[PDB]
């Protein structure tokens, strides 16, 4: 059986789900219960966390522009996702997607993580660059598992305190 339904027009689907590809929801998964996790991500959404994904992530910036803040070779770097760009991120490259534009839309494809393969979410100190805090999770929902984790970091001056310089990370807005 075609468990995931028939083919359907992607631009029209993005149009119809416009009102969720904006705050407060921002992403929307296309099919449920599949191995390939297929999502569209809109904007604006800025965020302060770096994701450590144990598997690859594929990006295709269909509409508008975005960029990824990265740690590469130990240094902060920015990789732009200009409209029309595709990109494949190797496992464990730390990335913080920045999506400043309303009406933008990025196809993002990931895989279900097998039991025991954990995702990391991390924050770094703006002053000294040291790691401030890391939570690891067995990720079951690329949409619903992230926020509670981000909320417990914003709520805690303890978790936000840099262990190297003692600066308290700003928390929600950089």
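Numbering follows the first chain given and starts at 1. Heads up, when I say rigid core I mean the largest set of C-alphas that superpose within 1.5 Å between the two forms.
Core superposition of the other structures onto this form places the C-alphas of 139-147 farther off in 5 other deposited structures of this protein than those of the other stretch among 118-126 and 139-147. RMS Cα deviation from the shown model in 5 other deposited structures of this protein, rigid core fit, is larger for 18-26 than for the other stretch of the pair 18-26 / 156-164. Per-stretch averaging of Cα B factors for 95-103 and 74-82 places 74-82 on top. As the entry records it, the average C-alpha temperature factor is higher for 109-117, out of 54-62 and 109-117. Highest C-alpha temperature factor among 41, 68, 137, 149, as the PDB entry reports it: 149. Within the group 144, 34, 29, 48, the record's highest C-alpha temperature factor is found at 144.
Ranked within its chain, residue 5 lands in the middle third, by CA B factor from the PDB record.
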